[PDB]
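To keep things clear, I will list the structure first and then write my remarks on it.
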Amino acid sequence: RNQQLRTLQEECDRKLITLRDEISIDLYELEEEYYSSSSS
Amino acid sequence: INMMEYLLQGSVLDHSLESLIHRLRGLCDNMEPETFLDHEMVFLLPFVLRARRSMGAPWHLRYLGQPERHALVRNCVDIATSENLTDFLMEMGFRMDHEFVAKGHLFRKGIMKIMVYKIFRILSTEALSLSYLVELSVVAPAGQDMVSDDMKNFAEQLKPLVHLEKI
Amino acid sequence: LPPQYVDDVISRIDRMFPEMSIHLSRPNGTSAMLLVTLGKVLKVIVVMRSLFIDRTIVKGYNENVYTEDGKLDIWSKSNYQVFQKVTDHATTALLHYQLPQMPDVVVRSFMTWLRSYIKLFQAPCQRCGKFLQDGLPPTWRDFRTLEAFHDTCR
Amino acid sequence: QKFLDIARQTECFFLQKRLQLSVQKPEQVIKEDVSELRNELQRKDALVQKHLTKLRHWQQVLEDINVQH
Amino acid sequence: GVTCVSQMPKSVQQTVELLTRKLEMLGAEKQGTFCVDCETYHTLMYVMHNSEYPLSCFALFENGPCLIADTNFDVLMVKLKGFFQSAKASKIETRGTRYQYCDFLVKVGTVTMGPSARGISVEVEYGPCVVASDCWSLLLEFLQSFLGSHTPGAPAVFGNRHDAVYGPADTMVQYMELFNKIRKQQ
Amino acid sequence: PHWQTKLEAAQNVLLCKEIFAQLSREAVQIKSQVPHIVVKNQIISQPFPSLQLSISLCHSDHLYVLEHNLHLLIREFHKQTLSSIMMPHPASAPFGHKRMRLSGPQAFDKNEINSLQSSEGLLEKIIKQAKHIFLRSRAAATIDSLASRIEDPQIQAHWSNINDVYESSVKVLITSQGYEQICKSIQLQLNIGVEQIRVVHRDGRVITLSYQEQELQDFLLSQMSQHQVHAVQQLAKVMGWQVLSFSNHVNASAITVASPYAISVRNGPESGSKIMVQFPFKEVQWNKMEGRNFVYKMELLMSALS
Amino acid sequence: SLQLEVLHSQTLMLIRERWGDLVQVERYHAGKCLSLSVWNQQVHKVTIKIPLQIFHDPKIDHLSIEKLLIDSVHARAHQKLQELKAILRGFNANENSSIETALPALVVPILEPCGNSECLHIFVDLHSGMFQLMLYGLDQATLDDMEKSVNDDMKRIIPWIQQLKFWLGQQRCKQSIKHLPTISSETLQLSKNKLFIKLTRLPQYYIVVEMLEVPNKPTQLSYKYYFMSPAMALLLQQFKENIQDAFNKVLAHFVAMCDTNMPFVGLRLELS
Ligand SMILES: [Zn+2]
């Protein structure tokens, strides 16, 4: 049981990192947009 | 400060061990034991010294004096040393008579340590004995009877599988 | 850029300079954390996202590189002022070699800069003596002309 | 190369000179502002649509990793 | 890192204060008190109880194998005295005040063959890099401000390999040579 | 399983009670130049002058990045005992921190070994983090706010994707209206430390910093006026105009540009003044001159003179 | 009697977690009173006596010893805070001092305009009864030596706070020129605690400052010039111009403008 539980923690983390990875690229493109806002 | 150890030994058959490893692991507190592979030597000038290499830790050497209760105690001073010790002790004048590697698993406790292993003779590894050996080495400065007594209780717990006594 | 492309670019970097050795662990998600060793003088850990470096922690050869495991532990700064100054200079110099258009040149441009650091402790500065006011050797290479004048020197 | 730049920096100067003189009387630069601001907002919303579907897609898998536990 | 241990010889005691004053002009904070101790044996061998390495013991020979051992190595020597000749002639201990200057860790102390105090030793260990001989040019110019007109040209402990690790061990070889000269004369 | 969830809640409570006890003992027993206060279930502390830490066990505002970190941080403290690191790779040796046992016999220094053993426990490992979690906010909100307040140049912040507790990495690209290509100029990598922020300037200068929000805002404003002066220099390089005397610092920076009739300009944070020279000079005021933003108005003025 | 038992048992459980050595508990049955000895390192003693009353010798209906101890020690500290404010009143009749009521605090500004960073936050622990003052600067070692000295006796904060005002001015000048290209330094070898900066460009020129305490908190410093006559009377004219026209920002305007003029003057000297 300790073995199977460790996989779940590693499994969700792997997916959890990918969420952070994709948000990083998504945040970066968006972050530029706000500062690009002209006249406002 | 100098400490003298409390150790006492016994051996375990091959079929026996499969029950022993589970027995020892559950009885004491630990997580996922480690297989320890070390290559030990003995050095004589009479001042018998033991230097052990483990497969990236540094060469750990230890001396055991003559034995001094239900326990076997001899004054010990164990000192960690960096690499290139073997050639250092060659320039000392010490001569190496034999060297044997030991393989097995070790389990811990609050103070005491249990290590189960088999002695391999070197020429090239050969099994000197078909049964492993287990000891209960305890290191404690200014040894007192109280520490040795605790080992008696634990040994009684392990008595059924293997009955061990000092020699 | 693709994760596989990152490895190819950095693997190509190692070829140009014999002294430099690059290790690609990538502990975090698709953000290469290559480790560069300059022969024996110094080590360094740089984090980068999608082949655009953004940090440089120049830890000397003496200092440890990891913490408790293969974990690279980029954050831990150097315990010596000299490598601390190089950290800021690497942190600052990394930027000056950034060309937004091309990702390949910026990495190569930074490495030739880092490659110029193999001769630290052995090159006098053109302006004053090897050793400066403070306890730092040159610790400053020009971006284009590869000079040795110190931080206080211009 | 130097002849290239100066003859070109003179060329744009003529047009740039026209720009300010062409800024005054007509409303075209305001009209271009109407289009540019409209285009900027259109790009903003398009970025949003890229955000939501990706964000919603992630919302699904994170929930999926939860129902499985 | 890399160091150049040397000795700089009337008013020997006043020399340390004057020499420290020259160091004080540069500006270095008093960050501790180093204490290097040397022990001597017959067959010979020396164990160098060095400060700034509280655990290490640094056993060494004239020119041969050197091992770095924790503080407990000393307990072996006292207990192993039977087969050897322990504390054969005299133990030389040099204790001084640590003056670490902006990552140079330069220290000067009077070597005291207890209790004579006949010599002066300068420690100029330069932490940053292990590469030493092909980096020696740095240490000299730091020295030239500290001491006057008698800079040690080279420490001579460097065998000049193609790729050279120095580490702390070979420094104790350097200390011994300084102690050898002190022991030999007066 | 109903029995399972009932037991899980109990286990969480027993662990949670331990966490507060670990903080609660640590707060009063030791001091770190901070006035911790103990109440029934609230350990009130003041890491910053403007911050109040309500680490309050609640029995039957919530960051959840600081709260969760307590649960996980404790395990590392629990893990330090009875771990696999303690045991010696050499079969025969006393139990000890593996990295420690190899430290003594490998001649590690007086400072590194002391540093490793000087772990700060629990409260310091969280107060310092909350001492950074919000200092980040005061430096993040200011940068965000500054972009809206000042529209003449455009502050740009590319925040790093790997910012572990006790550190955060910044990018700042202060470019004018839309002249990214022709005019790329000072961009500083700001570093958010535990106590004080740390920036390294574009040209090479390193500024340590203060911790207060106001000090950061002043630094950006000072760098604001500097860029507008640099915009003159960049145009001088690319415009038919030629350079004249430059004054990077003195806060206010003044730059003079030659023409093949020159314009010499002084833009401080509070001055923003510029001139036209003819052949004896008269002032220029933009409130009536060209349109959108500073550099375009500056570029047009030069395209109006020559 | 049962209430006393609960408080003692509650106190003993309280001691196990908190105030392990800070508070000592003494229970009496002949008089049916219980005493807690807070601030064991030195005075305050809180005793519950049997209506039920609490006597302090420097309202327990809440029956929470932890809370009561906090209130009693909090009240005692505030009294200790008030006494110090009277001592700070000693140096200056016109002195700005603030005491926060949420938790013990003696944030007192040092020199004319404050930024809540120069104010040293003298707050006493409500658990150990020792004076603690923290400032953003003043390298820690100096902080500890001072806080240690002042802790035992109150009068010693009046001498040292005099020197802090000197330090804040010394520290203030360094910050302003920190972005200008210079090398700020303290006392230097020579070929009122003056500080000076030597420029990176044109190193052979030095700029020096000397400071004094004319009014109570404020300090006035006179700029001097000692470089290792030319460009001297003009500086004196510049000083008059500055007088005709914060103070540290006036310093910054003075330094860089000189740093730009002198190399230009140096070129003029080389030309002539
Ligand atoms: Zn130089």
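A note on labels: chains of the structure tokens are A, B, ... as shown, every chain counts residues from 1, and ligands are counted from 1 in their shown order.
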Near residue 96 (chain G), counting only C-alpha atoms, which residues have an atom at most 12 Å away, once you skip same-chain residues fewer than 4 positions from it, shown as a ChimeraX atom specification? /G:85-86,88-89,91-92,106-114,119,216-217
At a cut-off of 10 Å, using only C-alpha atoms, what residues contact residue 124 (chain E)? Leave out same-chain residues fewer than 6 positions from it and give the result as a VMD selection string. chain E and resid 1 to 6 99 to 100 104 to 108 139 to 140 142 to 143 146
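Proximity of G:52, G:234, G:202, G:190 to chain E, computed with only C-alpha atoms, is greatest for G:190.
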Test item: chain C residues at most 10 Å from chain G, counting only C-alpha atoms, as an NGL selection string: :C and (133 or 151-154)
Site check for ligand 1: residues at most 12 Å away, only C-alpha atoms and all ligand atoms, as a VMD selection string: (chain C and resid 123 to 141 147 to 154) or (chain G and resid 200 to 201 203)
Within 9 Å of chain F: residues of chain C, using only C-alpha atoms, as number ranges by chain: C: 28, 31, 47, 49, 54-55, 68, 75, 79, 88-89, 91-93, 95-96, 151
Long-range neighbours of region 286-288 of chain F as a PyMOL selection string, 12 Å cut-off, only C-alpha atoms, 5 positions minimum in chain: chain F and resi 272-275+293-298+300-301
Export of the given selection (N, CA, C and O atoms) as a short mmCIF file (atom, residue, chain, number, x, y, z; two decimals), in the first residue's frame:
data_model
loop_
_atom_site.label_atom_id
_atom_site.label_comp_id
_atom_site.auth_asym_id
_atom_site.auth_seq_id
_atom_site.Cartn_x
_atom_site.Cartn_y
_atom_site.Cartn_z
N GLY F 272 11.17 67.10 -16.55
CA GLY F 272 10.73 66.82 -17.89
C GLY F 272 10.72 68.03 -18.80
O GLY F 272 9.69 68.36 -19.40
N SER F 273 11.86 68.71 -18.91
CA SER F 273 11.98 69.93 -19.69
C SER F 273 12.95 69.71 -20.85
O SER F 273 13.90 68.93 -20.76
N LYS F 274 12.69 70.42 -21.95
CA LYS F 274 13.44 70.24 -23.18
C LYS F 274 13.38 71.55 -23.97
O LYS F 274 12.52 72.39 -23.73
N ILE F 275 14.31 71.69 -24.92
CA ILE F 275 14.57 72.98 -25.56
C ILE F 275 14.82 72.80 -27.06
O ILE F 275 15.19 71.72 -27.53
N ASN F 293 2.53 60.01 -27.63
CA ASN F 293 3.38 59.83 -26.46
C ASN F 293 4.77 60.40 -26.72
O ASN F 293 5.07 60.88 -27.81
N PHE F 294 5.62 60.29 -25.70
CA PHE F 294 6.82 61.13 -25.61
C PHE F 294 7.74 60.94 -26.81
O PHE F 294 8.08 61.91 -27.50
N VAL F 295 8.15 59.70 -27.09
CA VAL F 295 9.18 59.49 -28.11
C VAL F 295 8.66 59.90 -29.48
O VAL F 295 9.38 60.52 -30.26
N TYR F 296 7.41 59.56 -29.79
CA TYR F 296 6.84 59.98 -31.06
C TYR F 296 6.85 61.49 -31.19
O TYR F 296 7.19 62.03 -32.25
N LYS F 297 6.49 62.20 -30.12
CA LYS F 297 6.55 63.66 -30.15
C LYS F 297 7.99 64.13 -30.29
O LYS F 297 8.27 65.10 -31.01
N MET F 298 8.93 63.46 -29.62
CA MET F 298 10.34 63.79 -29.78
C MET F 298 10.82 63.48 -31.19
O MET F 298 11.54 64.28 -31.80
N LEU F 300 9.04 63.35 -33.94
CA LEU F 300 8.46 64.30 -34.89
C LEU F 300 9.14 65.66 -34.81
O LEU F 300 9.38 66.30 -35.84
N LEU F 301 9.46 66.12 -33.59
CA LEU F 301 10.11 67.42 -33.44
C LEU F 301 11.41 67.47 -34.24
O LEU F 301 11.68 68.45 -34.94
#
Please provide the set of residues having any atom within 10 Å of residue 90 (chain C), restricted to only C-alpha atoms, with same-chain residues fewer than 6 positions apart removed, written as a ChimeraX atom specification. /C:44,46,55-58,83-84,96,110,113-114,139-140
Would you save the residues from that selection as an mmCIF file, in the first residue's frame, using N, CA, C and O atoms?
data_model
loop_
_atom_site.group_PDB
_atom_site.id
_atom_site.type_symbol
_atom_site.label_atom_id
_atom_site.label_comp_id
_atom_site.auth_asym_id
_atom_site.auth_seq_id
_atom_site.Cartn_x
_atom_site.Cartn_y
_atom_site.Cartn_z
ATOM 1 N N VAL C 44 28.519 26.630 -12.088
ATOM 2 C CA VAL C 44 27.406 27.559 -12.233
ATOM 3 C C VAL C 44 26.154 26.765 -12.573
ATOM 4 O O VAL C 44 26.213 25.753 -13.275
ATOM 5 N N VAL C 46 22.277 27.570 -14.111
ATOM 6 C CA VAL C 46 21.414 28.544 -14.772
ATOM 7 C C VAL C 46 20.077 27.880 -15.061
ATOM 8 O O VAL C 46 20.030 26.790 -15.645
ATOM 9 N N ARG C 55 18.577 33.363 -15.341
ATOM 10 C CA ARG C 55 19.248 33.397 -14.049
ATOM 11 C C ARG C 55 20.605 32.725 -14.177
ATOM 12 O O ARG C 55 20.836 31.912 -15.075
ATOM 13 N N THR C 56 21.503 33.080 -13.261
ATOM 14 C CA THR C 56 22.838 32.496 -13.224
ATOM 15 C C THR C 56 23.366 32.590 -11.803
ATOM 16 O O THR C 56 23.548 33.693 -11.281
ATOM 17 N N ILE C 57 23.608 31.439 -11.185
ATOM 18 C CA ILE C 57 24.167 31.357 -9.841
ATOM 19 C C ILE C 57 25.551 30.737 -9.985
ATOM 20 O O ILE C 57 25.687 29.523 -10.163
ATOM 21 N N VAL C 58 26.586 31.571 -9.902
ATOM 22 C CA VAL C 58 27.960 31.136 -10.156
ATOM 23 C C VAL C 58 28.535 30.691 -8.815
ATOM 24 O O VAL C 58 29.055 31.491 -8.036
ATOM 25 N N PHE C 83 32.678 35.314 -6.118
ATOM 26 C CA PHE C 83 31.662 34.616 -6.896
ATOM 27 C C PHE C 83 30.303 35.292 -6.767
ATOM 28 O O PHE C 83 29.475 35.191 -7.677
ATOM 29 N N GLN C 84 30.056 35.980 -5.651
ATOM 30 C CA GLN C 84 28.826 36.756 -5.528
ATOM 31 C C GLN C 84 28.793 37.889 -6.545
ATOM 32 O O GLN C 84 27.758 38.142 -7.173
ATOM 33 N N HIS C 96 22.288 41.553 -21.383
ATOM 34 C CA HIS C 96 22.827 42.355 -22.478
ATOM 35 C C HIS C 96 23.002 41.548 -23.758
ATOM 36 O O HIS C 96 23.031 42.134 -24.846
ATOM 37 N N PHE C 110 26.007 33.997 -24.500
ATOM 38 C CA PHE C 110 26.300 33.926 -23.073
ATOM 39 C C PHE C 110 27.462 32.983 -22.788
ATOM 40 O O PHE C 110 28.238 33.212 -21.854
ATOM 41 N N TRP C 113 30.910 34.337 -23.396
ATOM 42 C CA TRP C 113 31.151 35.177 -22.231
ATOM 43 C C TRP C 113 31.623 34.345 -21.047
ATOM 44 O O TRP C 113 32.633 34.665 -20.410
ATOM 45 N N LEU C 114 30.899 33.267 -20.740
ATOM 46 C CA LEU C 114 31.309 32.384 -19.654
ATOM 47 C C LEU C 114 32.633 31.702 -19.975
ATOM 48 O O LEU C 114 33.465 31.493 -19.084
ATOM 49 N N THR C 139 36.769 40.022 -12.399
ATOM 50 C CA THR C 139 35.323 39.865 -12.207
ATOM 51 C C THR C 139 34.503 40.758 -13.141
ATOM 52 O O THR C 139 33.371 41.128 -12.826
ATOM 53 N N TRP C 140 35.049 41.122 -14.300
ATOM 54 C CA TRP C 140 34.303 41.965 -15.237
ATOM 55 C C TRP C 140 34.936 41.842 -16.617
ATOM 56 O O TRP C 140 36.070 42.290 -16.816
#
I need the chain D residues near chain F as a PDB file with N, CA, C and O atoms, in the first residue's frame; criterion: at most 9 Å, counting only C-alpha atoms.
ATOM      1  N   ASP D   5      22.045  55.070 -45.673  1.00  0.00           N
ATOM      2  CA  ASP D   5      21.255  55.541 -44.539  1.00  0.00           C
ATOM      3  C   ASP D   5      20.836  56.996 -44.713  1.00  0.00           C
ATOM      4  O   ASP D   5      19.661  57.337 -44.538  1.00  0.00           O
ATOM      5  N   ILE D   6      21.782  57.873 -45.062  1.00  0.00           N
ATOM      6  CA  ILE D   6      21.479  59.302 -45.084  1.00  0.00           C
ATOM      7  C   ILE D   6      20.432  59.613 -46.148  1.00  0.00           C
ATOM      8  O   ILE D   6      19.512  60.407 -45.915  1.00  0.00           O
ATOM      9  N   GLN D   9      17.296  58.213 -44.437  1.00  0.00           N
ATOM     10  CA  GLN D   9      16.874  59.090 -43.352  1.00  0.00           C
ATOM     11  C   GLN D   9      16.333  60.410 -43.879  1.00  0.00           C
ATOM     12  O   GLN D   9      15.533  61.060 -43.198  1.00  0.00           O
ATOM     13  N   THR D  10      16.762  60.824 -45.075  1.00  0.00           N
ATOM     14  CA  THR D  10      16.147  61.976 -45.725  1.00  0.00           C
ATOM     15  C   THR D  10      14.789  61.611 -46.315  1.00  0.00           C
ATOM     16  O   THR D  10      13.858  62.426 -46.293  1.00  0.00           O
ATOM     17  N   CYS D  12      12.502  59.250 -45.298  1.00  0.00           N
ATOM     18  CA  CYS D  12      11.482  59.199 -44.258  1.00  0.00           C
ATOM     19  C   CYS D  12      11.215  60.583 -43.686  1.00  0.00           C
ATOM     20  O   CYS D  12      10.080  60.890 -43.308  1.00  0.00           O
ATOM     21  N   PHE D  13      12.243  61.432 -43.626  1.00  0.00           N
ATOM     22  CA  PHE D  13      12.051  62.791 -43.131  1.00  0.00           C
ATOM     23  C   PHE D  13      10.976  63.512 -43.929  1.00  0.00           C
ATOM     24  O   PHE D  13      10.105  64.181 -43.361  1.00  0.00           O
ATOM     25  N   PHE D  14      11.024  63.395 -45.257  1.00  0.00           N
ATOM     26  CA  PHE D  14      10.003  64.020 -46.087  1.00  0.00           C
ATOM     27  C   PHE D  14       8.617  63.513 -45.711  1.00  0.00           C
ATOM     28  O   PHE D  14       7.697  64.304 -45.475  1.00  0.00           O
ATOM     29  N   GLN D  16       7.767  61.960 -42.893  1.00  0.00           N
ATOM     30  CA  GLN D  16       7.500  62.377 -41.521  1.00  0.00           C
ATOM     31  C   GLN D  16       7.093  63.842 -41.468  1.00  0.00           C
ATOM     32  O   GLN D  16       6.205  64.222 -40.695  1.00  0.00           O
ATOM     33  N   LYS D  17       7.730  64.682 -42.287  1.00  0.00           N
ATOM     34  CA  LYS D  17       7.307  66.074 -42.385  1.00  0.00           C
ATOM     35  C   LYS D  17       5.858  66.166 -42.842  1.00  0.00           C
ATOM     36  O   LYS D  17       5.080  66.970 -42.316  1.00  0.00           O
ATOM     37  N   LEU D  19       3.587  63.896 -42.365  1.00  0.00           N
ATOM     38  CA  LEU D  19       2.704  63.302 -41.366  1.00  0.00           C
ATOM     39  C   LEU D  19       2.126  64.362 -40.437  1.00  0.00           C
ATOM     40  O   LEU D  19       0.906  64.463 -40.271  1.00  0.00           O
ATOM     41  N   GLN D  20       2.992  65.178 -39.831  1.00  0.00           N
ATOM     42  CA  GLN D  20       2.502  66.208 -38.920  1.00  0.00           C
ATOM     43  C   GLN D  20       1.634  67.220 -39.656  1.00  0.00           C
ATOM     44  O   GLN D  20       0.575  67.618 -39.160  1.00  0.00           O
ATOM     45  N   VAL D  23      -1.345  65.478 -40.152  1.00  0.00           N
ATOM     46  CA  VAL D  23      -2.090  65.227 -38.922  1.00  0.00           C
ATOM     47  C   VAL D  23      -3.139  66.310 -38.702  1.00  0.00           C
ATOM     48  O   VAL D  23      -4.258  66.031 -38.254  1.00  0.00           O
TER      49      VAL D  23
END
Spatial neighbours of residue 196 (chain G), max dist 8 Å, only C-alpha atoms, sep filter under 2 positions, as JSON, numbers by chain: {"G": [184, 185, 186, 187, 194, 198, 206, 207, 208, 209]}
List as an MDAnalysis selection string the protein and nucleic acid residues near residue 174 (chain E), meaning an atom at most 12 Å away when only C-alpha atoms are counted, but skip any in the same chain fewer than 5 places from it. chainID E and resid 2:7 48 60:63 121:125 154:158 166 168:169 179:181
How would the residues just picked look written out with N, CA and C atoms as a short mmCIF file (atom, residue, chain, number, x, y, z; two decimals), in the first residue's frame?
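Ended up saving to part.cif:
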data_model
loop_
_atom_site.label_atom_id
_atom_site.label_comp_id
_atom_site.auth_asym_id
_atom_site.auth_seq_id
_atom_site.Cartn_x
_atom_site.Cartn_y
_atom_site.Cartn_z
N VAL E 2 43.72 28.11 -1.56
CA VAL E 2 45.14 28.16 -1.90
C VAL E 2 45.83 29.09 -0.91
N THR E 3 46.98 28.67 -0.40
CA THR E 3 47.64 29.37 0.69
C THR E 3 49.15 29.42 0.45
N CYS E 4 49.80 30.36 1.13
CA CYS E 4 51.25 30.52 1.10
C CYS E 4 51.73 30.72 2.54
N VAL E 5 52.03 29.63 3.22
CA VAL E 5 52.51 29.69 4.60
C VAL E 5 53.99 30.04 4.59
N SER E 6 54.36 31.03 5.41
CA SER E 6 55.74 31.50 5.46
C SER E 6 56.00 32.12 6.82
N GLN E 7 57.27 32.36 7.11
CA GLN E 7 57.70 32.99 8.35
C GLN E 7 58.49 34.25 8.03
N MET E 48 48.52 16.79 12.52
CA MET E 48 48.37 18.24 12.54
C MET E 48 46.95 18.58 12.97
N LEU E 60 49.96 12.93 8.70
CA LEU E 60 50.82 13.24 7.57
C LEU E 60 52.21 12.66 7.80
N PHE E 61 52.95 12.51 6.70
CA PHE E 61 54.35 12.10 6.70
C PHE E 61 55.20 13.18 6.04
N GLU E 62 56.52 12.97 6.04
CA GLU E 62 57.41 13.94 5.41
C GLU E 62 57.09 14.11 3.93
N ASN E 63 57.04 13.00 3.20
CA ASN E 63 56.62 13.01 1.79
C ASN E 63 56.04 11.63 1.49
N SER E 121 54.33 33.02 12.10
CA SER E 121 53.80 32.32 10.93
C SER E 121 52.65 33.13 10.34
N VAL E 122 52.58 33.17 9.01
CA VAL E 122 51.54 33.88 8.29
C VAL E 122 50.74 32.87 7.49
N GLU E 123 49.42 32.91 7.65
CA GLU E 123 48.49 32.08 6.89
C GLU E 123 47.72 32.97 5.93
N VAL E 124 47.76 32.63 4.65
CA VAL E 124 47.19 33.48 3.61
C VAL E 124 46.25 32.66 2.73
N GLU E 125 45.62 31.65 3.32
CA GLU E 125 44.74 30.77 2.56
C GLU E 125 43.68 31.58 1.83
N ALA E 154 57.70 31.02 -3.97
CA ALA E 154 56.80 29.91 -4.24
C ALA E 154 56.73 29.03 -3.01
N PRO E 155 55.58 28.40 -2.74
CA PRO E 155 55.48 27.51 -1.58
C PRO E 155 56.18 26.18 -1.77
N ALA E 156 56.38 25.74 -3.01
CA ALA E 156 57.12 24.54 -3.40
C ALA E 156 56.33 23.26 -3.16
N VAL E 157 55.11 23.33 -2.62
CA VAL E 157 54.32 22.12 -2.37
C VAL E 157 53.60 21.63 -3.62
N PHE E 158 53.73 22.33 -4.74
CA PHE E 158 52.93 22.06 -5.93
C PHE E 158 53.73 21.23 -6.92
N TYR E 166 44.02 20.86 -5.32
CA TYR E 166 44.88 21.16 -4.18
C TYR E 166 44.24 20.75 -2.86
N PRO E 168 42.59 20.94 1.05
CA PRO E 168 43.19 21.41 2.30
C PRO E 168 44.37 20.58 2.77
N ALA E 169 44.46 19.33 2.30
CA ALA E 169 45.45 18.41 2.84
C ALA E 169 46.87 18.91 2.60
N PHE E 179 57.31 24.46 10.17
CA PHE E 179 57.68 23.94 11.48
C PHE E 179 59.05 23.27 11.45
N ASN E 180 59.39 22.61 10.34
CA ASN E 180 60.70 21.98 10.24
C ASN E 180 61.82 23.02 10.37
N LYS E 181 61.68 24.14 9.67
CA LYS E 181 62.69 25.19 9.77
C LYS E 181 62.77 25.75 11.18
#
Contact table chain A vs chain D, cut-off 10 Å, shortest pair per residue, only C-alpha atoms, as CSV:
residue,atom,partner,partner_atom,distance
A:8,CA,D:69,CA,8.3
A:11,CA,D:65,CA,9.3
A:12,CA,D:65,CA,7.2
A:15,CA,D:62,CA,8.4
A:16,CA,D:62,CA,8.3
A:18,CA,D:58,CA,9.8
A:19,CA,D:58,CA,7.1
A:22,CA,D:54,CA,9.0
A:23,CA,D:55,CA,8.6
A:26,CA,D:51,CA,7.4
A:27,CA,D:51,CA,9.3
A:29,CA,D:47,CA,8.8
A:30,CA,D:47,CA,7.6
A:33,CA,D:44,CA,7.7
A:34,CA,D:44,CA,9.3
A:36,CA,D:40,CA,9.5
A:37,CA,D:40,CA,8.2
A:38,CA,D:37,CA,8.2
A:39,CA,D:37,CA,9.3
Interface residues on chain F facing chain A, 12 Å, only C-alpha atoms, written as a ChimeraX atom specification: /F:143-163,171-180,291-293
Based on DSSP run over this structure's backbone, return all residues of region 28-185 of chain E in strand (DSSP E), as number ranges by chain. E: 29-32, 35-40, 46-49, 59-60, 92-100, 106-112, 121-123
Show which residues sit within 12 Å of residue 105 (chain C), as a list in words. Count only C-alpha atoms, and ignore same-chain residues fewer than 4 positions away.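 My list of contacting residues is residues 9, 10, 13, 51, 52, 53, 94, 97, 98, 99, 100, 101, 109, 110, 111 and 112 of chain C.
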Dump as CSV the rows for residues of chain F within 6 Å of chain E: closest atom pair and distance in Å with one decimal, only C-alpha atoms counted, ordered by chain and rising residue number.
residue,atom,partner,partner_atom,distance
F:104,CA,E:55,CA,4.7
F:105,CA,E:70,CA,4.6
F:107,CA,E:56,CA,5.4
F:109,CA,E:53,CA,5.3
F:110,CA,E:52,CA,4.6
Any chance you could export the current selection's N, CA and C atoms as a PDB file, in the first residue's frame?
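Saved file out.pdb follows:
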ATOM      1  N   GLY F 104      33.191  15.919   8.535  1.00  0.00           N
ATOM      2  CA  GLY F 104      34.308  15.970   9.446  1.00  0.00           C
ATOM      3  C   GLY F 104      35.592  15.400   8.876  1.00  0.00           C
ATOM      4  N   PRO F 105      35.522  14.211   8.271  1.00  0.00           N
ATOM      5  CA  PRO F 105      36.737  13.572   7.752  1.00  0.00           C
ATOM      6  C   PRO F 105      37.165  14.047   6.373  1.00  0.00           C
ATOM      7  N   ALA F 107      37.556  17.392   5.776  1.00  0.00           N
ATOM      8  CA  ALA F 107      38.138  18.713   6.002  1.00  0.00           C
ATOM      9  C   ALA F 107      37.232  19.827   5.491  1.00  0.00           C
ATOM     10  N   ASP F 109      34.979  23.246   6.230  1.00  0.00           N
ATOM     11  CA  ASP F 109      35.461  24.431   6.920  1.00  0.00           C
ATOM     12  C   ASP F 109      34.666  24.703   8.200  1.00  0.00           C
ATOM     13  N   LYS F 110      35.174  25.674   8.966  1.00  0.00           N
ATOM     14  CA  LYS F 110      34.548  26.079  10.221  1.00  0.00           C
ATOM     15  C   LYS F 110      33.162  26.666  10.000  1.00  0.00           C
TER      16      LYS F 110
END
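Put simply, CA of residue 118 (chain E) is 20.1 Å away from CA of residue 148 (chain E).
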Restrict the calculation to only C-alpha atoms, then for each residue of chain E with any atom at most 10 Å from an atom of chain G give the closest atom pair and their distance in Å to one decimal, rows by chain and rising residue number, as CSV.
residue,atom,partner,partner_atom,distance
E:24,CA,G:189,CA,9.7
E:25,CA,G:189,CA,6.4
E:26,CA,G:189,CA,8.1
E:27,CA,G:188,CA,8.9
As number ranges by chain, please: every residue in chain C that a backbone DSSP assignment puts in alpha helix (DSSP H). C: 3-16, 81-96, 103-115
Point-to-point distance in Å for CA of residue 80 (chain C) and CA of residue 60 (chain C):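 So the answer is 8.3 Å.
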